[PDB]
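Before any comments, here is the structure.
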Amino acid sequence: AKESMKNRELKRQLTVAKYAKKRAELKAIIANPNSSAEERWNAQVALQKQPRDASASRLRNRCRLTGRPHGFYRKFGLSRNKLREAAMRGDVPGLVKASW
Amino acid sequence: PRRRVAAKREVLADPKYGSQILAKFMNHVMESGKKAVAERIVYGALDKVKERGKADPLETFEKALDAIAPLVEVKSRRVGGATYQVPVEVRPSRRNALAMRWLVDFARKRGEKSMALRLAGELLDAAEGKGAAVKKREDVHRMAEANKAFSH
Amino acid sequence: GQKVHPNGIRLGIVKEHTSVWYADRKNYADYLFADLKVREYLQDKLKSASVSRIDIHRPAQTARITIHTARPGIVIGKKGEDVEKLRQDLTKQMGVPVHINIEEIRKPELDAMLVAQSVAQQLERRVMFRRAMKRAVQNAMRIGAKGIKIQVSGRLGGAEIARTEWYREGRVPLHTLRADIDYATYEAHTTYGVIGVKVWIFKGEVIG
RNA sequence: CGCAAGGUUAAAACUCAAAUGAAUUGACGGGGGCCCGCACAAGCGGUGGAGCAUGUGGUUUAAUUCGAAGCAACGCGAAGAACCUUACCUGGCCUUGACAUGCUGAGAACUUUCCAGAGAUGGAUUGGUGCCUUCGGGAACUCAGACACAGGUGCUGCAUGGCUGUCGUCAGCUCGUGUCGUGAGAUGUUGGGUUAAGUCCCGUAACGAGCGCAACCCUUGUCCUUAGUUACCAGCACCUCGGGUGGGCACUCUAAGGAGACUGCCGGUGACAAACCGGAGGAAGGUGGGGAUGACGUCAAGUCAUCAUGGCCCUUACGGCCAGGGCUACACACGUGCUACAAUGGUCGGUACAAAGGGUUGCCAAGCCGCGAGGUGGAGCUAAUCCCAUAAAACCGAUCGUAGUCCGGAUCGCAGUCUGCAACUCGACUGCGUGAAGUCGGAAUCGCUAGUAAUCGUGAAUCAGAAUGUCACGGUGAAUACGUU
RNA sequence: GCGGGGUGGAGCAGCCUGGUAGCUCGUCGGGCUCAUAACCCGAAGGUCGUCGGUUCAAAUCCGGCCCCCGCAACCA
RNA sequence: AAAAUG
Ligand SMILES: [Mg+2]
Ligand SMILES: [Mg+2]
Ligand SMILES: [Mg+2]
Ligand SMILES: [Mg+2]
Ligand SMILES: [Mg+2]
Ligand SMILES: [Mg+2]
Ligand SMILES: [Mg+2]
Ligand SMILES: [Mg+2]
Ligand SMILES: [Mg+2]
Ligand SMILES: [Mg+2]
Ligand SMILES: [Mg+2]
Ligand SMILES: [Mg+2]
Ligand SMILES: [Mg+2]
Ligand SMILES: [Mg+2]
Ligand SMILES: [Mg+2]
Ligand SMILES: [Mg+2]
Ligand SMILES: [Mg+2]
Ligand SMILES: [Mg+2]
Ligand SMILES: [Mg+2]
Ligand SMILES: [Mg+2]
Ligand SMILES: [Mg+2]
Ligand SMILES: [Mg+2]
């Protein structure tokens, strides 16, 4: 959880979000059955133009306080070993211990 | 259990015959909770018994269990240096359990088309005693006289 | 063995959550992040003031913060030139507008967080820990406090081996859910490492 | 002295800082006595044999990145390694730096649609000179320089905090005052019963108290009150025969508040006590079933790699950026699993009944085109309202006839679908064809006492994709317990 | 020249009386144990000295040869 | 009935 590594994933977040439209248009044109092989191929070229650091697959979500790559809960934003610490203090609304 | 507070549940759900031993035999032949499979298999076996056997099949069944139940059972006890065996009279409730278990486990080992006619075959064999279950019963019985020395 | 957090096990039963609002699949994570950031920032900034409970409420697109402190004079100085800067800063952090209400708490020696902080800052000043434990326990027991336990762990003094000490007085039943056991932990940073302080305070039974 | 064995009298050098007696607390015993626990015993089903998944040890490699090591490591951190993750290797590329503050100068961010480069990067690139103005100026943002710095998943868990396992959910562990002993200490807390319990009763130099046990919390099983849409349909009517429609507050159901179970009543035993064994009633009877809850402490137990922190260490590098590769390697060994070795079965046809949950950077219906995984399509839904979504084992009829087979599916060849910049290393499924080991498994070893075992299916987390793993929910549904050596 | 023999890496059964090679110690792997030793269970490893003949067929029956012995004997 | 050692 080195801060350089957090910085380089946050910058990945900006790089992914800052296009947000050329990916959609190009992939929609590619997946459109009636667009001709020319618009297939130019769209492939266009997709290969932009940096690889733009896709959502490259984006590994992390804890917002520690950045632990493992043990994530996307309903919250915290990691495995901070969600419990915050919950025992009652900070998380409507969270208790369950028996049933 | 050391406490001896564990009571027993009573099961009696004979569908049509309204008997008692039949249901316990059902449970013995039931495997992995396949109760209806046991229903149809045992009832086909009993139908074959009824068509082969002139009389009703339930008294033939109880007579067959009468010839498989062991009167005495041998049980190993170690004297502290030697491996002995001791013959003891079987608990009256335990006789039916041994009878059912032996009959089922011996009907399982025939090797013919299905175990319905296997169960019929050993039900008729045990009706007088030319089967293999009666063979094991008499072997276990004769082990008692073979070890009558200790008894006490 | 280990013991469950006494505040968490009593959540809903006798204790109350420190952040009461409602959110949905989108804004829930953002609201939790804002709450955690605001709480740590407020604690760090008003460390000098004796702040214990930061209660957060969220009405429609708004936010209300109430502060439980033993010293309200520092925050409320010469008719409001302090809380307003805080309001503006919190609105810089919290997108929604904020609202502040400074709540003063009597009997600070009956609040676990304050006792823990005082003991920790005493140990930071190279004071013997047994004297601090005795003084805190006696101060707590002069008024109310049907029971109190204080535990301190670490390299007490300057020894190069860690150990744990604790002193109790009265009754502190942790296995009874009716009892509202106030509980707190804190860390004291010394030249030889970290010292952990835990405080349990028993107020009374809740009946009916 | 004695026949001999040997007896009697009896030193020193040297060497050590102890040797020793009695009693106390604990631990232990192939010492004793009571009691408990799937601990045995009585049963059911497995592992160890075969194929495959997954982790570990060892070997090789450029790396196979770290950590976890009897029970208490080995489907463990990891609730998801194609790139990223990533901490390792090869090569390329930076030096106050990807990031914080402090000084100086130039200026907007933005949008610039191009070239070289595996890429970091370097060089053109129309456009705007900004906001507010003490109109002087100023805040923010980008770049250049300079130091104080920044940085480290680098070592020490035997310097620490926090968190966790374990004995063990076993019934114990202590204190004040008093008393006994020269003291370490002891009584309380021993004893007769009884209980799941240091639970309770009676006695009693002890009298009282605290942390444990029990109770308060959640859920499940009965009933009552309120509630009736999107949930329900007993009655009435219409109906195109779909609670479909009008309609109702009957019912189920959903969710809030209450009643009820307390050895309460009767019989016997019992020191006429605690309690035990029966009976009635009751949906439930003896803490009704399950959960959460883990005392004083032990193992210098685990973690410095989630985090924080005392020290020590590098600063052109042990700090950063980018391409590929490895963590999925392979003469072997071990743990945990899935599938089988078949007839209580494998195929074919139509057929009936669940619970739980997830969905507006989402579910994705109808229709149409494909044997097929899928594709176009766009409906409904912020959801008891629409979608995921057809449960399966079970039952009836037909066939196979016990044969390594109408079993079993590994392996392999060819051709495909889908997400992803990209499926060689190294993804999941689909179609045709090929078709293995396996005939129920040695020494040894494991889990389980009633909705239990066994067996059948469904859902969620992580997640673009990837589950035989984890967590969770229902269907069918047993056998056995005389007893404590 | 008398008598006896030859088979897993070492040592014994199987011959006789024809068709079937097992056992012990070793090596390897795995069990038991907190761990080691002891102990238990698997696996590999022998076409039987060789040649010829008998014999339907041979580790087995007969001989040639070779080797081993107990050998008397030999013993610089 | 077996059980040597650290
Ligand atoms: Mg850090
Ligand atoms: Mg990903
Ligand atoms: Mg003892
Ligand atoms: Mg047993
Ligand atoms: Mg196996
Ligand atoms: Mg194996
Ligand atoms: Mg490793
Ligand atoms: Mg496990
Ligand atoms: Mg430790
Ligand atoms: Mg620790
Ligand atoms: Mg005295
Ligand atoms: Mg004592
Ligand atoms: Mg005691
Ligand atoms: Mg008690
Ligand atoms: Mg309790
Ligand atoms: Mg009763
Ligand atoms: Mg250690
Ligand atoms: Mg890389
Ligand atoms: Mg790995
Ligand atoms: Mg088949
Ligand atoms: Mg061995
Ligand atoms: Mg020795």
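Within every chain, numbering begins at 1; the chains are lettered A, B, ... in the order of the sequence lines, protein sequences first and strands thereafter.
Set against D:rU86, D:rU160, D:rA481, the side chain of B:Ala6 has D:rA481 as its closest nucleotide. The side chain of C:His189 approaches D:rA308 more closely than any other nucleotide in the set D:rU344, D:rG212, D:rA308. In the set D:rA78, D:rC463, D:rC321, D:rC321 carries the atom at the smallest distance from any side-chain atom of A:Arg8. Nearest nucleotide to the side chain of A:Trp100, out of D:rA478, D:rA454, D:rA472: D:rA472. Comparing D:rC83, D:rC307, D:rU85 against the side chain of A:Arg62 picks out D:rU85 as the nearest. Distance from the side chain of B:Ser32 is smallest for D:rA454 among the nucleotides D:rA454, D:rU166, D:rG80. Closest contact between the side chain of C:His175 and the listed nucleotides D:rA481, D:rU164, D:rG294 involves D:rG294. The side chain of B:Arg4 approaches D:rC482 more closely than any other nucleotide in the set D:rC482, D:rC217, D:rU480. Between D:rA461, D:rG210, D:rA343, one nucleotide has an atom nearer to the side chain of B:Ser114 than all others, and that is D:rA343.
With salt bridges taken as basic N to acidic carboxylate O contacts below 4.0 Å, one links A:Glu85 and A:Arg89. The pair B:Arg110-B:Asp125 meets the salt-bridge criterion, since a charged nitrogen lies less than 4.0 angstrom from a carboxylate oxygen. Looking at C:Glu205 and C:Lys146, no side-chain N of the basic residue comes within less than 4.0 Å of a carboxylate O on the acidic one, giving no salt bridge. Salt bridge status for C:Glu165 with C:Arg130: present, with a side-chain N to carboxylate O gap under 4.0 Å.
Using the six-membered ring where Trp is involved, B:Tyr84 and B:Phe150 have ring planes that are parallel, under 30° apart on the 30 and 60° scheme.
Residue B:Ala36 is classed as a sugar-phosphate contact, given heavy-atom separations below 4.0 Å to backbone atoms only.
Taking 3.5 Å as the upper bound for both contacts, D:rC238 pairs with D:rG244 in Watson-Crick or G-U wobble fashion. Judged by Watson-Crick and G-U wobble geometry, where both atom pairs must sit under 3.5 Å apart, D:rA171 and D:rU25 do not count as a base pair. Between D:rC207 and D:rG176, a Watson-Crick or G-U wobble pair is formed, both defining distances falling under 3.5 Å.
Secondary structure note: stems in RNA chain F built from 3 or more consecutive Watson-Crick or G-U wobble pairs under 3.5 Å occupy E:34-36 with F:4-6.
The phosphate of D:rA78 (OP1 or OP2) has a side-chain N or O of A:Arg68 nearer than 4.0 angstrom. Here B:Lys35 does not reach the OP1 or OP2 of D:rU344: none of its side-chain N or O atoms lies under 4.0 Å away.
Remark: D:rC14 base-pairs with no nucleotide; criterion is Watson-Crick or G-U wobble with both hydrogen-bond distances under 3.5 Å.
Cation-pi check for C:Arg58 over C:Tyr22 is not met; the charged atom does not lie both under 6.0 angstrom from the ring centroid and within 45 degrees of its normal.
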